[PDB]
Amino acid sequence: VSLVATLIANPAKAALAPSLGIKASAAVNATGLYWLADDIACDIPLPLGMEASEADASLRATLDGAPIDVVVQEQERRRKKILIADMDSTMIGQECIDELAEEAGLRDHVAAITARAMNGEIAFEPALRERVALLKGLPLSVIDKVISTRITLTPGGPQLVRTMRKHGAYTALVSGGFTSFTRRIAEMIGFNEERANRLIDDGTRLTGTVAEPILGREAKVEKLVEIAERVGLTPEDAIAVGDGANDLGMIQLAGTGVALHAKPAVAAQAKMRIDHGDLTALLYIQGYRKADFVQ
């Protein structure tokens, strides 16, 4: 089966120089070298008979000290037809739950719990109830307040979703956060649908509870299964991306699963990781060229 290695830099620190790409491809006795974006990403088709683990270590040693990610995969079925993406710290810069906690004067106390939950040291569901209970009494106006003043989109997000939709993919934003945030964020970026938990309120204030059953790690796996079956595909046809322990189920089930700027224990578990590039990395992973992007 044919293999291809892809080298990916951050467009904001585009250090994949021509000379560097040439040296990488020689390190793996490669046939050709194909640029997907100048100074940012290139394809290196491995010669037949090389294990992916060899090419990976060879390329990483050659590139050591440079902010360039490495992934190796089979050339066929690179381009996926489903995207399922985590929201918090993946498509936006923030944790909505931590920003909400600010409005209760408890950002640090809640953020410390969030860090433990996204690292996998506590189960998602009791972590969520403990954090949300501290939001009891907040007026419903704080949701618009946080969205309009403190939530920012991750670089490359809109381009990723729009370029994939251009090529017929179905895109879903699937989050352990809250519907009141995902519905607006999904609209801003351009997802086909979103699914998240739900804050309970009395009409004026937050009750401090969440609608049950809570969506955690397994619920993201289930949404991936539901989507693929509905659109007449299989999870093998999907690329999944996240940063946290609650994304590892869908990252492991999808055909391509990406730990993006993941927590230390999370990245330790994922087969494919992106630590330097932004969300356009997922376009290059799939073999797209800059000429293909929606600008």
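One-based numbering along the sequence shown. Superpose the two forms; the largest set of C-alphas matching within 1.5 Å is the rigid core.
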| query | finding |
| --- | --- |
| Higher C-alpha RMS shift from the shown form in 5 other deposited structures of this protein - 223-231 or 257-265, rigid core fit | 257-265 |
| Segment of higher mean CA temperature factor, 218-226 or 141-149 | 141-149 |
| Of 50-58 and 262-270, the stretch whose C-alpha atoms average the higher B-factor in the entry | 50-58 |
| Largest Cα B-factor, entry values, listed residues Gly257, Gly244, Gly65, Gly249 | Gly65 |
| Candidate set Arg116, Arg195, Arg77, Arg198 [ranked by C-alpha B-factor, highest] | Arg77 |
| Position of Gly208 among the chain's modelled residues by C-alpha B-factor, lowest, middle or highest third | middle |
| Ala24 - which third its CA temperature factor falls in, relative to the rest of the chain | highest |
| Chain third (lowest, middle, highest) by recorded CA B-factor, residue given as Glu187 | middle |
| Chain-relative CA temperature factor third for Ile40 | middle |
| For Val70, the third of its chain into which the C-alpha B factor falls | middle |
